[PDB]
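This report refers to the structure that appears directly beneath it.
When we count neighbours, we look across all protein chains shown, and the Cβ atoms used for this are built from the backbone with ideal geometry, even at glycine. No value in this document is a laboratory result; all are computed from the given coordinates.
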Amino acid sequence: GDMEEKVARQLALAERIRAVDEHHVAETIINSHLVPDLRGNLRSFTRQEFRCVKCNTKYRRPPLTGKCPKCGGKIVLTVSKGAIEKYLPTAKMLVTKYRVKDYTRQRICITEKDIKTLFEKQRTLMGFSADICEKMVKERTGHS
Amino acid sequence: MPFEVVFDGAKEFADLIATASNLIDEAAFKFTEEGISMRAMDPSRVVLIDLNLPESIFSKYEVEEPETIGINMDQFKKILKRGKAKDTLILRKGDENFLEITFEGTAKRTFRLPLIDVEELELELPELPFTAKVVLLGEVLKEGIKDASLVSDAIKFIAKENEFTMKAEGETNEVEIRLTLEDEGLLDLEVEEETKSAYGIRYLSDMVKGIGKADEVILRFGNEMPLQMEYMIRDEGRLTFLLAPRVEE
Amino acid sequence: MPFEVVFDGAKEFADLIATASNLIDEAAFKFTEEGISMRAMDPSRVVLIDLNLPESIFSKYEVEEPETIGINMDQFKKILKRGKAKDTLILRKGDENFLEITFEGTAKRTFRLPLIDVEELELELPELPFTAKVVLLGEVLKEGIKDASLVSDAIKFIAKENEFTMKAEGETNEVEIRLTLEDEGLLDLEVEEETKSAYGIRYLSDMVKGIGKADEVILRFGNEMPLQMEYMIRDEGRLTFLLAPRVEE
Amino acid sequence: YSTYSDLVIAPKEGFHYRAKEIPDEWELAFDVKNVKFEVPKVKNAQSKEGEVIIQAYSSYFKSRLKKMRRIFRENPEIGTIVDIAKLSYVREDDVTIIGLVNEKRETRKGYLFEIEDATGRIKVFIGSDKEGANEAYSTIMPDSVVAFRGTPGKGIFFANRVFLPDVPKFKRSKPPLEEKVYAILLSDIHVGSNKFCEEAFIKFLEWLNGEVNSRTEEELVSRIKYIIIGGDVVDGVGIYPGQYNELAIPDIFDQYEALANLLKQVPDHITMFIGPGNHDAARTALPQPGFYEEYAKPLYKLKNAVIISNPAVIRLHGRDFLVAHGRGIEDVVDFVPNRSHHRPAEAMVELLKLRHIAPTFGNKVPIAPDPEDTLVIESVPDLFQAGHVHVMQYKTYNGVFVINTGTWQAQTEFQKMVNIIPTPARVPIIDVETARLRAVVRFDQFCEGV
DNA sequence: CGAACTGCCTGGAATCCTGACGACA
DNA sequence: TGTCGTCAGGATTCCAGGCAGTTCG
Ligand SMILES: [Fe+3]
Ligand SMILES: [Zn+2]
């Protein structure tokens, strides 16, 4: 699932850090997994192929007709958004632990994509949410 | 660090800490010469829970020095599942990281647990003008929120001079409840001006279902300012939830 | 059509609705000067359910024009889940084609819902050979359906001039439920011919989910003919199922 | 690395200067017209758990159907418009229906149109066996709105007669003007790329600044006041790993800053109208007003650069232009034969024949579910546009100006894989005083051949 | 002669392991 | 062909309010 793989990856990074005496850099397979994941997520969201629950063989067209004409119930859709929502904290923690370039654009792009796809509607007077992403964004804004 | 607190029957405290665990997991109980205190923030920085219990709640209370200890909410929820309403809860702690929970009765029970530490940052909430105060019963609010929970999540409270209204809007459902001084669910009103605010009711429903029916509640809010729901435990301790409303219509 | 109906027994109304809920999601209620005629037909076309509630039942009855409504089971059950007996049930309507349910007494709850307009069909009530009538008790009916919902699936009713037996078999077990003057549940009856019929168990088990324990329900059937299970409430309202006989294996 | 912060050249002082009145107006702006008060309220009433994509999709479909029905009712030719429920009302009468679809079949009698929509089932002996043969053959089969007129079925609404969704051709003459304002069709710039034509682009910019060569060019640039452009200045991230070697500039925000600084040195009397593109630093779906707060700070620093949306409909002195990119043209060229990548006029007329940008689904362009539909064209536009086609072809279809922009950089690796030659170094500058052109200046010889 | 004060116990509901589905490499 | 997420679903135990048995002015 997620717990064992995430714990194994974190422990591998930690033992590599102990071995190299706390001196490492960023990796590339994380991006080689995220960018195809983002593209596949976008393609699945633009396809939206549904399937009737009891009508297991008749695949309903993306045009919504209310319900299945042969089964007056809900139609199971292909969201495919729970995987990226769980993969985002991995890249967030990685970019917080180690600083690298050429990927803050991808990070802000995927975060804004999630935000404007949902479009954080409640906020108190005392915010100040710590985020290395927002920190680097403000830094680049000031540098611009 | 060492202390001993004995009380014959603590089911209220048990369900209270159960609600606190359902709210958040990381929590630290600070033990001072006056009693116990706790303040739990929110991972999404939207809700704040506060509780204080002086030394006039339990039967036996002997503390050595004021400090801050930590208890895992999961490990505590795995403990309160055996709390009989006619038991004698004894919380004992020494200098080592050993916490003892004892129960005396038909069979002497004693559970030892490790004591981890919590490093949650504590900050005093700044003062804010309420401009709207009311004291109501818990059962009426609980049943109203349980009736308006299935239709929608944004429940709107409106308060005017000697007038209260709890409504639930939507596109295919509408609920309304009126409250006056001669009603059966209002204890007292301290309204100042016409206020109206809509709040989410997930944590609301959970925290009002965790609290019993005969208990009373005190709501403090304003036009669009965050709401604070407080109540008293055995006329000595205090407990208050605090959370901001939504900006949508 | 602006109308107003005020009476007591919201618990009884919720019980009747739950008894006539799991059949269809939307039932046709003709609300006329003489009262409420609710009809519904099962989607599988196995049982036709109908209730007749006269006007003299309600304490306050103000009606301008007779109309028809399609009552939705989802919203009706989500609203009637809080039916009480110490309060007063009110159903009102104004000029808008909506539905307003008022609840006074221990509180003041107003529920406004949009009246959906879905198509409906009219069905008749055919005269049927009636030669075996028995009054049964809720406890006996519950225990019979419970022992017939574990192993057995095919039931056979045999009503003789002095007794009533039920032979149940699903795959291997032979159940025989025999009732006669030996029990207080069967004291009055009307049987002139020995009638035999075959039926199932799942539809009955789904339809008896809203019946009472201390209630007395009348049941009339004959030789492999449809069954009429009726019961009266408040001396005026009547509610009746129309079960179809199963001739297959 | 390069920075592009040194190209600072004063315009031609000897060139005839002229500053006249410049009434600048627009029609479409999603930031004030689309998300004003309708977007936040879609359902706003759910249980403790549920979904919103299906509700937003249904609301978008209903709004689009309502807008199309309103447009067809505004069309003063079609009458006796009923719904599928009214099938229980009308018994024996030839009925007209502007409907959605389920599938298309090419039969001998007429065309066999299976039709699904939000109300019922419509069989059609649709009249594509009429003057609208090529039209209904080039329309999209799984996602389109076609107009049928004919018979009542035996339970399924089963029409039998011809109709395509035509646009009003007969139009009145717009009020004439006394000067010349220009649309210079330039899109898919892709600055900071390894194959970008930097020298040709800076030479074209210096020539547009006033340094002209020919007398006709000087006379044409002496009265230019508006410069309408498409946009698409960058590519972004998230294309292919080899894009790392394709990035001639390591940064992208620096690319934006350099582009803004290069476009800032232009004079102030020339008002440029720029918009985003397909490779936007925003939601990959359509449509989008512009960039974020950080990605548009130099754009706000620039005053005369009117940052229009993409797609966006602009109205100026009675002339209607629209700036769009379009991606369903690939679906069209894959569906109907007799079409090629070098047929942008045909692709754009196929897009325009439905009063919508791209109603097709299951394609390579994303569309997020939003109830507000803006791709419906209210009035007849006087300037069409496309994007990422990298081909140029001028077209006047029924008095409507449908012209392509092309590209301005060399052939990319994707084009080499597809083995299609692009049309770079194209300056099509059109006057629209009467919804027309001006000329097409070309300087391809200024760069090497690819 | 009626009213709280429990047992208890059964209905209602929250929890969860199992059985379907789709996504990438 | 390996992996990962979602969904429903029915069987389960836990909680709460009604039915019943019981000691008080
Ligand atoms: Fe391009
Ligand atoms: Zn492009």
Between rounded, prolate and oblate, where does the stretch D:1-99 land on the alpha carbon gyration tensor, with a ≥ b ≥ c its root eigenvalues, rounded for a/c under 1.5, else prolate if a/b exceeds b/c?
oblate
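So how strong a dipole does the protein assembly as shown carry about its Cα centre when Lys and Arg Cβ are +1 and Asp and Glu Cβ are -1, to the nearest 20 debye? Before the final figure, lay out each step's value.
On the way: 148 positive and 187 negative charges, 1015 e Å.
Around 4880 debye, computed over the protein assembly as shown.
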Kindly state, to the nearest 0.05, the FRET efficiency for residue D:47 paired with residue D:20, given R0 = 60 Å and r defined as their beta-carbon distance.
0.45
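Roughly speaking, what is the stretch gain from residue B:184 to residue B:113, that is 0.36 nm per residue apart minus the C-alpha to C-alpha distance, in nm to one decimal? If you can, show how the numbers build up before the last one.
On the way: separation 71, 0.36 × 71 = 25.56 nm, distance 4.63 nm.
Value of the extension gain: 20.9 nm.
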Just from its helices, what would the mean residue ellipticity at 222 nm be for chain C, if runs of 4 or more DSSP H residues each count -39500 (n - 2.57) and the sum is divided by every residue, rounded to the nearest 500 deg cm²/dmol?
-3500 deg cm²/dmol
List the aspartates and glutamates whose alpha-carbon lies under 15 Å from that of residue C:167, not counting same-chain residues fewer than 8 positions away?
C:143, C:147, C:153, C:176, C:194, C:224, C:249
How far apart, in nm, are the 7 Å Cα→Cβ label points at residue A:7 and residue D:171?
6.8 nm
Are there chymotrypsin sites (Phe, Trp or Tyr not before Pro) in the stretch A:4-96 that DSSP marks as loop and that have at most 16 other Cβ atoms within 10 Å, and which are they?
A:59
Identify which of D:96, D:216, D:284 has the largest mean-square fluctuation in a Gaussian network model of chain D, with springs joining Cα atoms closer than 10 Å.
D:216
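Taking only the C-alpha atoms, wrap a convex hull around the stretch C:135-221 and report its volume per residue in Å³ as a whole number.
It comes to 90 Å³ per residue, whole-number rounded.
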Would you work out which of C:207, B:2, C:247 lies farthest towards the positive end of the dipole of the protein assembly as shown, given +1 charges on the beta-carbon of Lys and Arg and -1 on that of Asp and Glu, about the Cα centre?
C:247
Taking 7 Å along the Cα-to-C-beta vector as the label spot, tell me the residue D:1-residue D:130 distance in nanometres, rounded to one decimal.
6.0 nm
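At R0 = 22 Å, how high is the FRET efficiency between residue D:27 and residue D:394 if r is their beta carbon distance? Nearest 0.05 is fine.
Details: r = 24 Å, r/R0 = 1.10.
The pair residue D:27/residue D:394 has a calculated efficiency of 0.35.
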For chain B, with equal point scatterers placed on the C-alpha atoms only and solvent neglected, what are the log10 I(q)/I(0) values from the Debye formula at q = 0.16 1/Å, to two decimals?
-1.19
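How long are the semi-axes of the equivalent ellipsoid of the protein assembly as shown, defined as square roots of 5 times the Cα gyration tensor eigenvalues? Whole Å, largest first.
On the way: eigenvalues 809, 432, 158 Å².
Over the Cα atoms of the protein assembly as shown, the semi-axes work out to 64, 46, 28 Å.
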Most exposed first, judged by fewest Cβ atoms within 10 angstrom, D:327, A:39, A:99 run A:99, A:39, D:327
From the gyration tensor of the Cα coordinates in the stretch B:174-238, what semi-axes in whole Å does the equivalent ellipsoid have, largest first, with each one equal to sqrt(5λ)?
20, 16, 15
Given the pairs A:81/B:196; D:130/D:353; A:58/D:104; C:81/D:41; B:11/C:108; C:77/C:142, which are separated by over 27 angstrom at their Cα positions?
A:81/B:196; C:81/D:41; B:11/C:108
Sites residue D:434 and residue A:44, calculated FRET efficiency, Cβ-Cβ separation with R0 56 Å, nearest 0.05:
0.75
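Between residue D:103 and residue D:444, 0.36 nm times their residue separation minus their Cα-Cα distance comes to what? Each step should come with its number before you reach the end.
Working: separation 341, 0.36 × 341 = 122.76 nm, distance 4.60 nm.
Extra length available between residue D:103 and residue D:444 comes to 118.2 nm.
Just check the stretch C:47-104 against the gyration tensor rule for me: Cα atoms, a ≥ b ≥ c as the square roots of the eigenvalues, rounded for a/c under 1.5, and otherwise prolate or oblate depending on whether a/b exceeds b/c. Mind dumping the intermediate values first?
Numbers: a/c = 1.17, a/b = 1.02, b/c = 1.15.
Since a/c stays below 1.5, the shape of the stretch C:47-104 is classed as rounded.
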Is any residue of the stretch B:198-228 close enough, with backbone N under 17 Å, to a label point placed 7 angstrom from the Cα of residue B:163 along the Cα-Cβ axis, and if so, which?
B:223
Restrict the search to the stretch D:7-54; then list the chymotrypsin sites (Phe, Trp or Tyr not before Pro) that DSSP places in a loop and that have at most 10 other Cβ atoms within 10 Å of their Cβ.
D:37
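Please list, by residue number, every one of the GluC sites (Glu not before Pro) in the stretch C:98-152 that is coil in DSSP and has at most 15 other beta-carbon atoms within 10 Å.
Details: sites: C:100, C:104, C:119, C:120, C:122, C:124, C:127, C:139, C:143; in loops: C:119, C:120, C:122, C:124, C:127.
Answer by residue number: C:119, C:122, C:124, C:127.
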Can you sort D:207, D:408 so the residue with the fewest Cβ neighbours within 10 Å comes first?
D:207, D:408
Let me check I've understood the local charge: for residue D:38, count other residues with C-beta under 11 angstrom from its C-beta, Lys and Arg +1, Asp and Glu -1. What total comes out?
0
Measure nothing but the geometry: give the 0 to 90° angle between the long axis through the Cα atoms of D:198-208 and the longest principal axis through the Cα atoms of chain D, rounded to 10°.
90 degrees
Label point distance in nm, residue B:238-residue A:70, each placed 7 Å from Cα along Cα→Cβ:
6.6 nm
When only Cα pairs under 8 Å and 6 or more residues apart are kept, what is the percent relative contact order across the stretch B:175-238?
22 percent
Do any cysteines of chain A lack a neighbour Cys whose Cβ is under 4.7 Å away, and which are they?
A:109, A:133
Taking square-rooted eigenvalues a ≥ b ≥ c of the alpha carbon gyration tensor, is the stretch D:383-450 rounded, prolate or oblate, where a/c under 1.5 means rounded and, failing that, a/b exceeding b/c means prolate?
oblate
Pick from C:125, C:23, C:99: which is most flexible by mean-square fluctuation in a GNM of chain C where alpha carbon atoms under 10 Å apart are linked?
C:125
